[PDB]
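Asker: Below is the file coords-v4.tsv, with TSV, C-alpha atoms.
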chain	number	residue	atom	x	y	z
A	103	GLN	CA	179.17	62.67	13.41
A	104	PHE	CA	178.95	60.79	16.75
A	105	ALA	CA	175.24	60.39	17.44
A	106	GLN	CA	174.09	57.05	15.96
A	107	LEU	CA	170.56	56.55	14.59
A	108	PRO	CA	168.49	53.90	16.40
A	109	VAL	CA	168.03	50.72	14.34
A	110	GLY	CA	164.88	49.01	13.18
A	111	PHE	CA	163.55	45.60	12.28
A	112	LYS	CA	163.43	44.25	8.77
A	113	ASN	CA	159.91	43.40	7.64
A	114	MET	CA	159.69	39.69	6.65
A	115	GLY	CA	156.42	40.33	4.80
A	116	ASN	CA	153.42	41.54	6.75
A	117	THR	CA	155.40	41.57	10.05
A	118	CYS	CA	155.46	45.36	10.63
A	119	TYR	CA	152.74	44.68	13.30
A	120	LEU	CA	155.52	43.00	15.30
A	121	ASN	CA	158.21	45.55	14.48
A	122	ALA	CA	156.15	48.57	15.54
A	123	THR	CA	155.09	46.79	18.72
A	124	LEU	CA	158.66	45.89	19.66
A	125	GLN	CA	159.87	49.52	19.26
A	126	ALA	CA	157.06	50.77	21.52
A	127	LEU	CA	157.87	48.15	24.20
A	128	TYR	CA	161.58	48.88	23.96
A	129	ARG	CA	160.78	52.54	24.73
A	130	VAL	CA	159.20	51.53	28.07
A	131	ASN	CA	162.29	51.82	30.23
A	132	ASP	CA	161.37	49.42	33.07
A	133	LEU	CA	160.17	46.75	30.70
A	134	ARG	CA	163.30	47.10	28.51
A	135	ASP	CA	165.50	46.73	31.56
A	136	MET	CA	163.81	43.63	32.97
A	137	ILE	CA	163.95	41.95	29.55
A	138	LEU	CA	167.64	42.89	29.07
A	139	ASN	CA	168.50	41.46	32.48
A	140	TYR	CA	166.38	38.32	32.23
A	141	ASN	CA	168.21	35.14	33.20
A	142	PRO	CA	166.44	31.86	32.23
A	143	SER	CA	167.65	30.40	35.57
A	144	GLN	CA	165.15	32.74	37.29
A	145	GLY	CA	162.23	30.73	35.83
A	146	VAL	CA	158.81	32.40	35.64
A	147	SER	CA	156.58	34.06	38.21
A	148	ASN	CA	153.40	32.23	37.12
A	149	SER	CA	154.38	28.58	36.80
A	150	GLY	CA	150.64	27.81	36.83
A	151	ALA	CA	150.70	28.57	33.07
A	152	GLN	CA	150.73	25.19	31.27
A	153	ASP	CA	152.79	26.61	28.41
A	154	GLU	CA	155.37	28.22	30.77
A	155	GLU	CA	158.42	27.14	28.72
A	156	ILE	CA	157.32	28.86	25.51
A	157	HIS	CA	156.59	32.15	27.34
A	158	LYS	CA	160.10	32.04	28.72
A	159	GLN	CA	161.45	31.48	25.18
A	160	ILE	CA	159.40	34.47	23.96
A	161	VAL	CA	161.20	36.61	26.59
A	162	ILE	CA	164.59	35.13	25.68
A	163	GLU	CA	164.06	35.93	22.01
A	164	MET	CA	162.86	39.47	22.90
A	165	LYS	CA	166.03	39.98	24.98
A	166	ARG	CA	168.20	38.99	21.97
A	167	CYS	CA	166.24	41.41	19.78
A	168	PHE	CA	166.54	44.19	22.38
A	169	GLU	CA	170.31	43.58	22.71
A	170	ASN	CA	170.61	44.13	18.97
A	171	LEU	CA	168.60	47.41	19.13
A	172	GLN	CA	170.50	48.80	22.15
A	173	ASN	CA	173.85	47.91	20.52
A	174	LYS	CA	173.39	49.41	17.08
A	176	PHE	CA	173.59	45.45	13.84
A	177	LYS	CA	172.18	47.96	11.32
A	178	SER	CA	169.08	45.75	10.87
A	179	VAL	CA	167.44	43.21	13.16
A	180	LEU	CA	165.56	40.23	11.64
A	181	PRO	CA	163.15	38.86	14.34
A	182	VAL	CA	162.82	35.45	12.65
A	183	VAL	CA	163.24	33.19	15.69
A	184	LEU	CA	161.04	35.46	17.82
A	185	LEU	CA	158.27	35.24	15.17
A	186	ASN	CA	158.55	31.44	15.04
A	187	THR	CA	158.38	31.34	18.83
A	188	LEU	CA	155.39	33.63	18.97
A	189	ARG	CA	153.67	31.46	16.36
A	190	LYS	CA	154.24	28.32	18.40
A	191	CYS	CA	152.66	29.94	21.48
A	192	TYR	CA	149.94	31.89	19.69
A	193	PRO	CA	149.02	30.11	16.42
A	194	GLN	CA	146.75	33.01	15.38
A	195	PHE	CA	149.99	34.68	14.19
A	196	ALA	CA	150.73	31.78	11.85
A	197	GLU	CA	147.60	32.35	9.78
A	198	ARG	CA	148.41	32.60	6.04
A	199	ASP	CA	146.52	33.50	2.86
A	204	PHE	CA	153.23	35.95	3.11
A	205	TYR	CA	151.68	35.28	6.47
A	206	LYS	CA	148.49	37.31	6.99
A	207	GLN	CA	148.84	40.86	8.37
A	208	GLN	CA	147.68	41.08	12.01
A	209	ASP	CA	146.16	43.48	14.52
A	210	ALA	CA	148.94	45.04	16.59
A	211	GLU	CA	146.49	45.22	19.54
A	212	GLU	CA	146.16	41.44	19.54
A	213	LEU	CA	149.98	41.07	19.55
A	214	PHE	CA	150.34	43.66	22.32
A	215	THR	CA	147.78	41.80	24.42
A	216	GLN	CA	149.49	38.42	23.99
A	217	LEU	CA	152.95	39.84	24.66
A	218	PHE	CA	151.58	41.40	27.85
A	219	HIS	CA	150.20	37.99	28.84
A	220	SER	CA	153.62	36.36	28.26
A	221	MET	CA	155.48	39.10	30.12
A	222	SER	CA	153.05	38.82	33.04
A	223	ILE	CA	153.63	35.04	33.18
A	224	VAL	CA	157.40	35.47	33.15
A	225	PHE	CA	157.87	38.59	35.34
A	226	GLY	CA	154.71	38.70	37.42
A	227	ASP	CA	153.69	41.78	39.41
A	228	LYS	CA	157.04	43.42	38.75
A	229	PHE	CA	155.81	43.84	35.19
A	230	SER	CA	152.06	44.11	35.48
A	231	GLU	CA	151.98	46.68	38.33
A	232	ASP	CA	153.55	49.28	36.06
A	233	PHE	CA	150.47	49.13	33.77
A	234	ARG	CA	147.56	48.37	36.11
A	235	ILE	CA	144.59	50.72	36.15
A	236	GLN	CA	142.14	50.05	38.99
A	237	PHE	CA	138.52	51.15	38.87
A	238	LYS	CA	135.75	52.00	41.25
A	239	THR	CA	132.57	50.90	39.44
A	240	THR	CA	129.17	52.35	40.28
A	241	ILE	CA	126.21	50.25	39.10
A	242	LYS	CA	122.81	51.93	39.18
A	243	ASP	CA	119.43	50.74	38.02
A	244	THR	CA	118.45	53.33	35.36
A	245	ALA	CA	114.87	52.62	36.52
A	246	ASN	CA	115.75	53.06	40.25
A	247	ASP	CA	118.38	55.49	41.66
A	248	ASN	CA	118.21	53.98	45.16
A	249	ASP	CA	119.43	50.63	43.74
A	250	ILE	CA	123.16	51.45	43.86
A	251	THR	CA	126.14	49.06	44.09
A	252	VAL	CA	129.85	49.98	44.20
A	253	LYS	CA	132.56	47.55	43.26
A	254	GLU	CA	136.29	48.10	43.69
A	255	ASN	CA	137.75	45.01	41.98
A	256	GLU	CA	137.72	45.79	38.23
A	257	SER	CA	141.00	46.63	36.56
A	258	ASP	CA	142.73	46.59	33.22
A	259	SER	CA	146.07	47.30	31.70
A	260	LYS	CA	144.87	49.84	29.10
A	261	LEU	CA	142.15	52.33	28.41
A	262	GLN	CA	140.00	52.19	25.29
A	263	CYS	CA	139.28	55.32	23.27
A	264	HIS	CA	135.95	54.69	21.59
A	265	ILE	CA	135.60	56.46	18.24
A	266	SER	CA	132.23	57.31	16.67
A	267	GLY	CA	131.20	60.10	14.27
A	268	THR	CA	131.02	62.55	17.19
A	269	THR	CA	134.56	61.86	18.45
A	270	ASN	CA	137.11	64.65	17.87
A	271	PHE	CA	139.51	64.40	20.85
A	272	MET	CA	140.87	61.35	22.69
A	273	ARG	CA	139.29	62.54	25.94
A	274	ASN	CA	135.83	62.24	24.34
A	275	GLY	CA	136.44	58.56	23.53
A	276	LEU	CA	138.11	57.71	26.87
A	277	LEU	CA	135.13	59.06	28.81
A	278	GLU	CA	132.70	57.05	26.65
A	279	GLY	CA	134.87	54.00	27.26
A	280	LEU	CA	134.38	54.23	31.05
A	281	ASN	CA	130.62	53.94	30.76
A	282	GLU	CA	128.41	51.14	29.45
A	283	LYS	CA	124.86	49.81	29.79
A	293	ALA	CA	113.59	40.49	37.03
A	294	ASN	CA	115.87	42.13	34.44
A	295	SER	CA	116.58	45.86	34.10
A	296	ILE	CA	119.02	48.10	32.23
A	297	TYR	CA	121.91	49.04	34.55
A	298	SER	CA	124.38	51.87	33.92
A	299	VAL	CA	127.92	50.79	34.78
A	300	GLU	CA	130.24	53.75	35.36
A	301	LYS	CA	133.96	53.36	36.02
A	302	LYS	CA	136.21	55.94	37.68
A	303	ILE	CA	139.88	55.34	38.21
A	304	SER	CA	141.06	54.64	41.77
A	305	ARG	CA	144.68	53.77	40.81
A	306	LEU	CA	146.74	55.07	37.88
A	307	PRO	CA	149.84	53.32	36.46
A	308	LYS	CA	153.17	54.81	35.72
A	309	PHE	CA	152.75	53.68	32.07
A	310	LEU	CA	149.34	54.33	30.53
A	311	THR	CA	148.46	52.56	27.25
A	312	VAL	CA	145.58	53.98	25.20
A	313	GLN	CA	143.89	51.99	22.45
A	314	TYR	CA	142.11	53.88	19.67
A	315	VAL	CA	139.27	51.59	18.74
A	316	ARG	CA	139.66	51.91	14.96
A	317	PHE	CA	139.16	48.34	13.76
A	318	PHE	CA	135.65	46.93	13.55
A	319	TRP	CA	133.40	44.34	11.93
A	320	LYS	CA	131.32	46.09	9.27
A	321	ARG	CA	127.74	44.71	9.25
A	322	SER	CA	126.96	45.96	5.71
A	323	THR	CA	129.85	43.99	4.14
A	324	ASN	CA	130.46	41.17	6.67
A	325	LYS	CA	134.12	42.25	6.58
A	326	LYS	CA	136.86	43.84	8.68
A	327	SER	CA	136.98	47.62	8.38
A	328	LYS	CA	138.52	50.72	9.95
A	329	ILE	CA	137.29	54.03	11.36
A	330	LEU	CA	139.38	56.78	9.81
A	331	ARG	CA	138.07	59.69	11.83
A	332	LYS	CA	140.48	62.36	13.08
A	333	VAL	CA	140.88	62.06	16.86
A	334	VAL	CA	143.30	64.56	18.38
A	335	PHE	CA	145.52	63.25	21.22
A	336	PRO	CA	147.61	65.49	23.54
A	337	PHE	CA	151.35	65.39	24.15
A	338	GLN	CA	150.66	65.99	27.85
A	339	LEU	CA	147.65	64.09	29.14
A	340	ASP	CA	145.86	65.01	32.36
A	341	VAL	CA	143.16	62.55	33.46
A	342	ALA	CA	141.98	64.13	36.72
A	343	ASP	CA	138.35	64.10	35.51
A	344	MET	CA	138.42	60.27	35.09
A	345	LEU	CA	139.44	59.62	38.71
A	346	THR	CA	137.29	59.06	41.78
A	347	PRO	CA	136.89	62.31	43.77
A	348	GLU	CA	139.09	60.91	46.58
A	349	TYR	CA	141.89	59.83	44.25
A	350	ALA	CA	141.70	63.00	42.17
A	351	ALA	CA	142.25	65.11	45.31
A	352	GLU	CA	145.43	63.11	45.96
A	353	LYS	CA	146.75	63.20	42.39
A	354	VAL	CA	146.01	66.91	41.80
A	355	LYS	CA	147.96	67.83	44.95
A	356	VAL	CA	150.93	65.98	43.52
A	357	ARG	CA	150.48	67.50	40.04
A	358	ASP	CA	150.59	71.04	41.43
A	359	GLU	CA	153.92	70.45	43.22
A	360	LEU	CA	155.37	68.78	40.07
A	361	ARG	CA	154.29	71.75	37.96
A	362	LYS	CA	156.33	73.99	40.27
A	363	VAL	CA	159.41	71.86	39.62
A	364	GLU	CA	158.79	71.86	35.82
A	365	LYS	CA	158.61	75.68	35.85
A	366	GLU	CA	161.81	76.05	37.89
A	367	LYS	CA	163.48	73.59	35.48
A	368	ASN	CA	162.45	75.62	32.41
A	369	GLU	CA	164.09	78.68	34.02
A	370	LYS	CA	167.48	76.97	34.46
A	387	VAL	CA	192.85	68.35	25.89
A	388	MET	CA	189.97	66.15	24.68
A	389	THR	CA	189.20	64.75	21.23
A	390	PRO	CA	185.90	65.80	19.58
A	391	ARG	CA	184.58	62.30	20.41
A	392	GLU	CA	185.60	62.76	24.05
A	393	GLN	CA	183.74	66.10	24.21
A	394	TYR	CA	180.57	64.57	22.82
A	395	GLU	CA	180.77	61.73	25.37
A	396	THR	CA	181.38	64.23	28.20
A	397	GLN	CA	178.32	66.27	27.11
A	398	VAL	CA	176.15	63.13	27.05
A	399	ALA	CA	177.35	62.33	30.58
A	400	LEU	CA	176.59	65.93	31.65
A	401	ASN	CA	173.11	65.85	30.13
A	402	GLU	CA	172.29	62.50	31.84
A	403	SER	CA	173.46	63.89	35.19
A	404	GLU	CA	171.35	67.01	34.77
A	405	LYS	CA	168.33	64.87	33.84
A	406	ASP	CA	168.88	62.67	36.91
A	407	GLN	CA	169.13	65.72	39.19
A	408	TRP	CA	165.70	66.92	37.91
A	409	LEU	CA	164.19	63.46	38.35
A	410	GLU	CA	165.35	63.65	41.99
A	411	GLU	CA	163.75	67.08	42.40
A	412	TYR	CA	160.37	65.85	41.09
A	413	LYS	CA	160.66	62.71	43.27
A	414	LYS	CA	160.84	64.85	46.45
A	415	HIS	CA	157.17	65.62	45.80
A	416	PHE	CA	155.90	62.10	45.19
A	417	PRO	CA	153.26	61.01	47.71
A	418	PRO	CA	154.52	58.99	50.74
A	419	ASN	CA	152.43	55.79	50.23
A	420	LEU	CA	152.85	55.54	46.45
A	421	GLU	CA	152.52	51.92	45.26
A	422	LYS	CA	155.27	50.42	43.10
A	423	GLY	CA	154.29	51.16	39.52
A	424	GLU	CA	151.77	53.87	40.42
A	425	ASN	CA	151.76	57.31	38.73
A	426	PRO	CA	152.55	60.03	41.30
A	427	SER	CA	150.12	62.58	39.68
A	428	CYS	CA	147.26	62.51	37.18
A	429	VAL	CA	149.50	63.74	34.33
A	430	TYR	CA	151.42	61.85	31.62
A	431	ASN	CA	153.71	62.63	28.75
A	432	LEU	CA	153.39	60.86	25.39
A	433	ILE	CA	156.37	58.66	24.60
A	434	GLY	CA	155.29	56.44	21.74
A	435	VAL	CA	152.66	55.94	19.06
A	436	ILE	CA	151.95	52.80	16.97
A	437	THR	CA	150.31	53.84	13.68
A	438	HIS	CA	148.50	51.96	10.99
A	439	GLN	CA	147.67	52.81	7.39
A	440	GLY	CA	145.29	50.58	5.43
A	441	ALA	CA	141.73	49.35	5.06
A	442	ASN	CA	141.54	46.99	8.06
A	443	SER	CA	143.69	45.05	10.56
A	444	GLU	CA	144.70	42.44	7.97
A	445	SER	CA	146.00	44.94	5.42
A	446	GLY	CA	148.39	47.88	5.14
A	447	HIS	CA	151.33	48.79	7.34
A	448	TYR	CA	152.25	49.58	10.94
A	449	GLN	CA	154.92	51.96	12.12
A	450	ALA	CA	156.18	53.35	15.43
A	451	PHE	CA	156.95	56.91	16.42
A	452	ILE	CA	159.08	57.14	19.52
A	453	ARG	CA	160.06	60.13	21.59
A	454	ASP	CA	163.78	60.54	22.26
A	455	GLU	CA	164.70	59.75	25.89
A	456	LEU	CA	166.67	62.97	26.56
A	457	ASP	CA	165.47	65.51	23.99
A	458	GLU	CA	161.72	65.69	24.52
A	459	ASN	CA	161.25	67.65	21.26
A	460	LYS	CA	162.81	64.92	19.12
A	461	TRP	CA	160.88	61.97	17.65
A	462	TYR	CA	162.04	58.94	15.72
A	463	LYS	CA	160.06	57.31	12.93
A	464	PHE	CA	160.60	53.55	12.72
A	465	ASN	CA	159.40	52.42	9.32
A	466	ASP	CA	160.62	48.88	9.82
A	467	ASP	CA	164.38	49.18	9.26
A	468	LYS	CA	164.15	52.72	7.82
A	469	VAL	CA	164.65	55.11	10.74
A	470	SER	CA	164.39	58.91	10.53
A	471	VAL	CA	164.00	61.96	12.77
A	472	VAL	CA	160.72	63.86	12.67
A	473	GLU	CA	159.27	66.93	14.45
A	474	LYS	CA	156.22	67.44	16.66
A	475	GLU	CA	154.05	68.60	13.74
A	476	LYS	CA	154.42	65.20	12.04
A	477	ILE	CA	153.29	63.53	15.31
A	478	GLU	CA	150.23	65.79	15.62
A	479	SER	CA	149.22	64.83	12.07
A	480	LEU	CA	148.84	61.22	13.27
A	481	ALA	CA	145.42	62.09	14.77
A	482	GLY	CA	144.08	60.83	11.45
A	483	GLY	CA	141.38	61.72	8.99
A	484	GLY	CA	141.08	59.83	5.71
A	485	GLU	CA	143.51	57.21	4.48
A	486	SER	CA	146.55	58.82	6.16
A	487	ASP	CA	148.75	56.87	8.59
A	488	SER	CA	147.12	57.39	11.98
A	489	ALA	CA	147.53	56.65	15.66
A	490	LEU	CA	146.28	53.28	16.82
A	491	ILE	CA	148.05	52.70	20.20
A	492	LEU	CA	149.52	55.45	22.35
A	493	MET	CA	151.92	55.04	25.25
A	494	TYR	CA	152.09	57.61	27.99
A	495	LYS	CA	154.56	57.83	30.88
A	496	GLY	CA	153.84	59.57	34.15
A	497	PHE	CA	154.85	63.22	34.60
A	498	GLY	CA	158.06	63.66	36.58
A	499	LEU	CA	159.38	60.16	35.80
Now, as a test, write the supplied structure out as structure tokens.
Answerer:
Amino acid sequence: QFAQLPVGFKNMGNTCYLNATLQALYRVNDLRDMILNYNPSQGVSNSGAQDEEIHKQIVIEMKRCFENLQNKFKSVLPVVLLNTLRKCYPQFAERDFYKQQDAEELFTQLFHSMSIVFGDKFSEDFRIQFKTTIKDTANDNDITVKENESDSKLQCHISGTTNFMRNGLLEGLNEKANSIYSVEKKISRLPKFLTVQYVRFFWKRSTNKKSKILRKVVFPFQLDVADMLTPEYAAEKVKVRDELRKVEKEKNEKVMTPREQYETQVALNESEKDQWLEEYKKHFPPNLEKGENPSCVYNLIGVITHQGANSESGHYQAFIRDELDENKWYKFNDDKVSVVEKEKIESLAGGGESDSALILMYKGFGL
């Protein structure tokens, strides 16, 4: 009666890559907020970027789109945003409709633009820092440790052996006169928002053509990455996790018109949610960096899926967890929005030609 369905973006013809990506970004609370409050008078953070003005326009056009989503405009047509994106990143103007594109490539370029415009305020929420150990496979006294590698996502490598996301994340942290060196990353700083890429798209050698790995790879709703951290950082994050678990457990224990009553209940539920956020926050570590995850645990909040033979075919969708009711998920099939249950989300692990998870977004536990 009173609860309104979220709205989606109309597909202009092979532009579901953009639509699914925008829903996932909109779900990231801090990002949504900084875009919604962006004032062009504020300029950009990185005015070393030669194309500064077009990045600012990308943000402006995102803000307009986000204003239309927030204020539910039954359908949003991101025409000007697409044109703007194409001016900045001509790869997205390739034809053959315009050609279908890899959502990962869009995600990456949008991250670049948002980093130019907002700076550290944006990028610190996503930064993963590594401690890298570099050993000569032929000599285990030749050891070098580096602390300066970082990224804004983790890659989940998928081969025929891969059955769970953890398997692929662990493989992604390792790689290999001249010698073969093993290069082994452990995480020394976790972000509050953790993006995971399933490496599904690849160049098939046999056919000289783009293809896709269809293998089922199970992801968890609650992700714990303690085993990917340096020993020193794990000790810190596990201590936090164990206090947060105690709060979670304690939480699980505990004349107006009909419209007015609904609006009062929403207000009550938001207050109760905020009181629990404050209870978790009491246990956050004292020297936590802005944008850093307090613990080593995350909850899943969004999934970008793809169905089709390769990154230039088929269809992308987003599945987004409701911000209050953690059991509720929304399916954004462009402008067709529906409510689905946890079982439908689990089925996105893949296997065969089914719609399957490509990019996963996790938010830190207790946030």
Asker: In Å to one decimal, how far is CA of residue 455 in chain A from CA of residue 165 in chain A?
Answerer: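 Rounded to one decimal, the two atoms are 19.8 Å apart.
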Asker: Which residue gives the smallest distance to residue 469 in chain A among A:261, A:120, A:224, A:450, with only C-alpha atoms counted?
Answerer: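 Of A:261, A:120, A:224, A:450, the one nearest residue 469 in chain A, counting only C-alpha atoms, is A:450.
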Asker: Env of range 228-243 of chain A: 6 Å cut, atoms = all atoms listed in the file, seq-sep filter 3 positions within chain, self excluded. Answer as a PyMOL selection string.
Answerer: chain A and resi 222+225+246+249-254+256-259+297-309+423
Asker: For residue 424 in chain A, which residue out of A:122, A:151, A:499, A:221 is the nearest one, using all atoms listed in the file?
Answerer: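 With all atoms listed in the file as the atom set, the closest residue is A:499.
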Asker: Just the residues within 9 Å of residue 217 in chain A, please, counting only C-alpha atoms, with nothing from its chain fewer than 4 positions along; format it as an MDAnalysis selection string.
Answerer: chainID A and resid 157 160 188 212:213 221:222
Asker: Measuring between only C-alpha atoms, which one of A:337, A:408, A:143, A:387 shows the shortest distance to residue 162 in chain A?
Answerer: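 For residue 162 in chain A, the nearest of the given residues is A:143.
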Asker: Determine the nearest neighbour of residue 359 in chain A from the options A:107, A:344, A:429, A:334, counting only C-alpha atoms.
Answerer: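 Checking each candidate against residue 359 in chain A, we get A:429 as the closest.
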Asker: Counting all atoms listed in the file, which residue out of A:445, A:125, A:396, A:149 sits closest to residue 462 in chain A?
Answerer: A:125
Asker: Restricting the calculation to only C-alpha atoms: of A:346, A:407, A:427, A:215, which residue gets closest to residue 127 in chain A?
Answerer: A:215
Asker: I'd like the neighbourhood of residue 442 in chain A as a count of residues only, where a residue qualifies if any of its atoms comes within 9 Å (using all atoms listed in the file), though same-chain residues fewer than 6 positions away should be ignored.
Answerer: 9
Asker: For a test of reading the model, state the distance in Å between CA of residue 310 in chain A and CA of residue 426 in chain A, rounded to one decimal.
Answerer: 12.6 Å
Asker: Residues within 8 Å of residue 331 in chain A, please, as an NGL selection string. Count all atoms listed in the file; anything in the same chain fewer than 6 positions from it doesn't count.
Answerer: :A and (265-267 or 269-270 or 482-484)
Asker: Report, in Å to a single decimal, how far apart CA of residue 389 in chain A and CA of residue 103 in chain A are.
Answerer: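 One can read the CA of residue 103 in chain A to CA of residue 389 in chain A distance as 12.9 Å.
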Asker: Skip residue 401 in chain A itself and residues of its chain fewer than 6 positions away, then list as a ChimeraX atom specification all residues within 10 Å of it, counting all atoms listed in the file.
Answerer: /A:395,407,456-457
Asker: Can you put N, CA and C atoms back into range 440-456 of chain A and show it as a CSV table (one decimal), keeping the file's coordinate frame?
Answerer:
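Okay, part14.csv is ready:
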chain,number,residue,atom,x,y,z
A,440,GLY,N,145.9,51.7,6.2
A,440,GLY,CA,145.3,50.6,5.4
A,440,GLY,C,143.8,50.4,5.7
A,441,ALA,N,143.2,49.5,5.0
A,441,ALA,CA,141.7,49.4,5.1
A,441,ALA,C,141.2,48.7,6.3
A,442,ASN,N,142.0,47.8,6.9
A,442,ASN,CA,141.5,47.0,8.1
A,442,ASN,C,142.8,46.4,8.7
A,443,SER,N,142.6,45.6,9.7
A,443,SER,CA,143.7,45.0,10.6
A,443,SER,C,144.5,43.9,9.9
A,444,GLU,N,143.9,43.4,8.8
A,444,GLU,CA,144.7,42.4,8.0
A,444,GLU,C,145.2,43.0,6.6
A,445,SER,N,145.4,44.3,6.6
A,445,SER,CA,146.0,44.9,5.4
A,445,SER,C,146.9,46.1,5.8
A,446,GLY,N,147.6,46.7,4.9
A,446,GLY,CA,148.4,47.9,5.1
A,446,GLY,C,149.6,47.7,6.0
A,447,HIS,N,150.0,48.7,6.8
A,447,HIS,CA,151.3,48.8,7.3
A,447,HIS,C,151.3,49.5,8.7
A,448,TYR,N,152.1,49.0,9.6
A,448,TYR,CA,152.2,49.6,10.9
A,448,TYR,C,153.6,50.2,11.1
A,449,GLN,N,153.7,51.3,11.8
A,449,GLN,CA,154.9,52.0,12.1
A,449,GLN,C,154.9,52.4,13.6
A,450,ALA,N,156.1,52.8,14.1
A,450,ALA,CA,156.2,53.4,15.4
A,450,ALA,C,156.8,54.7,15.4
A,451,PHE,N,156.3,55.6,16.2
A,451,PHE,CA,157.0,56.9,16.4
A,451,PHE,C,157.3,57.0,17.9
A,452,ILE,N,158.5,57.3,18.2
A,452,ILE,CA,159.1,57.1,19.5
A,452,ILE,C,159.8,58.4,19.9
A,453,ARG,N,159.4,58.9,21.1
A,453,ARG,CA,160.1,60.1,21.6
A,453,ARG,C,161.5,59.9,22.1
A,454,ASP,N,162.4,60.7,21.8
A,454,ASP,CA,163.8,60.5,22.3
A,454,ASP,C,163.8,60.7,23.8
A,455,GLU,N,164.7,59.9,24.4
A,455,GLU,CA,164.7,59.8,25.9
A,455,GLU,C,165.3,60.9,26.7
A,456,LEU,N,166.1,61.8,26.0
A,456,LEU,CA,166.7,63.0,26.6
A,456,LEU,C,166.0,64.2,26.0
